[PDB]
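Alright, two takes on the same chain below, each alone as structure tokens: structure 1 and structure 2.
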Structure 1
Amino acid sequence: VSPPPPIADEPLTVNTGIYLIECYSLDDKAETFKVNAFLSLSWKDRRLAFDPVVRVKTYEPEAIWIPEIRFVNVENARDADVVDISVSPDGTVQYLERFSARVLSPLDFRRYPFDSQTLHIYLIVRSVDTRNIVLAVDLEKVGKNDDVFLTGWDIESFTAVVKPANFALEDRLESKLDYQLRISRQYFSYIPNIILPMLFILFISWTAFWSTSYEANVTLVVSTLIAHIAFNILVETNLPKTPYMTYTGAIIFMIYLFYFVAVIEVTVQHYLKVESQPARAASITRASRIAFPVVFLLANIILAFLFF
């Protein structure tokens, strides 16, 4: 079946939209999120006018020519299924189908608990006799209401824009259509799960500055280092790979450095106290009591400024 003949006044501007249904899978490490949503198309063509002698008409999927719409960014062609084709008697085709696919949106965990991500879908079509203006979207058919699913994100925006980019070959003048879904993580879940316990263990380490027993100080600091490594093991099963950097990955390095400095300070204090310099050891101890929380706050503020 060939596309309907044009009037040559303008290329066939097919209206398209995608109503999200279930963006269920979020493979952060694989940078692939899997969705099973619905896509709706509406375009003008010659059909049953029924002005003389209705309500709605429905043909078969293999009868009417449907424009070939494909996603640039998928592991494989979308697992789709034609749901409802409406040949409106005023004259148009309304083709609604249900597709499921992996979308291949590269997440960016530069600021992991407080990240704002943008899922991307790129639409392309082929040209047979004339170009296509598929990017014309009514912005009314798109949108998922909500569900409290394993996706703990809050949806901010669903902008859809025409972004003509350079193709792999660029043989034709085809322009892809951009669906950008900007979402924000609900970070409250992570404050008592990844952030607060780490600070608690760090403060347990710091409680070694109010003690004079070198052996108890060593127990506190090194057992706290072990506890922090174990808690990092616990946390990193939740975190993605992140082979570049992270805000919460630099706080962990800061905490490692602070354990190192705490060990150094405890050793220095004990060396001074054994070398018969109790006054200097006490001065260093009190300075550490004041300084370690202060330096930690300063480092956290500096890291927040660097990342945010």
Structure 2
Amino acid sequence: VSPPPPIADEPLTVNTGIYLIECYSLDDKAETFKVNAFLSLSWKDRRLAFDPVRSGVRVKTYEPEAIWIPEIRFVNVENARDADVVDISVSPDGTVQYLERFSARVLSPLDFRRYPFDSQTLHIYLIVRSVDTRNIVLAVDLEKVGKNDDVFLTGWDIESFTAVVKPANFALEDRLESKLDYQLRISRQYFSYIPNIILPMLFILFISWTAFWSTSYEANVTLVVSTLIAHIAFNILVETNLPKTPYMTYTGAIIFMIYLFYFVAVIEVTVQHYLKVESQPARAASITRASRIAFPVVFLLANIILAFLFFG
């Protein structure tokens, strides 16, 4: 119909609230997730007031096409939400209670600096646009914000679901707008990464390090290059999941360090064989004895330094 008119100049306040039902399909590469929740709205319309005694009823039920309903939209969605109306009720003083169930796909950036052990915050933005006759603002109803106990995300742990009470008011396309922020905090389940990726990689590296206790050139070459091939296959498998980022991450640094270590091991084997052929066995023995202790200690120190750099 038409937005309600003020007494003198006051803005119209709409109280909102979101109750989560389902959360699924978190795509790391596309930075998307899908949601299924309740949307609650409430405002005051004095034109709908009635006398309970004369009417003989306490609550009046309306239809969406029979009264004025504010237009609320989500900002970071791929398309408009698929919503259906559940209930509309009017109090004797004119207060309207609105409820609906929707479904939508949300876009939200992610941070991968600590990819196996990272935490993320997902954002949902609600906006309303002011009409040429009235100014509309948004508020938060704290008793209508929550989530179901059966909400589960495959691979993540859900911590909290709150909202920022203070809205943001600005001007866009020669009109005023109000924005609300709903935040969902999640943590990644990293248990499966240890025995699936972390430990076999260490085993393969330790297997490659056995060339320092041998003097056969062909066996050393075979060991080191074959372990390198296995490392390449594991790196391809891991990289199939991580997206491309404009910064450095923990896993990428570790993989690059492993490549560097393989290169240095090849150089050491080559040097030892060259010295042995040149009839200098003592120097080659000394070099291989040094390397036997040098490689693991440097690996451990570099890993400690990287862990401090990325998590400290």
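We call the rigid core whatever largest set of C-alpha positions still superposes within 1.5 Å between the two forms. For numbering, take structure 1's sequence and count from 1.
- For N15, the Cα coordinates differ by 2 angstroms or more between structures 1 and 2 after the core has been superposed.
- After superposition on the rigid core, the Cα of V221 moves by less than 2 Å between structures 1 and 2.
- After superposition on the rigid core, the Cα atom of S189 is displaced by less than 2 Å between structures 1 and 2.
- With both forms fitted on their core, the C-alpha atom of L48 sits 8.5 Å from where it sits in the other form; this compares the forms between structures 1 and 2.
- At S127, the distance the Cα travels between structures 1 and 2 is 2.3 Å after the core is superposed.
- Fit the two forms on the rigid core and the C-alpha of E265 turns out 0.7 Å off between structures 1 and 2.
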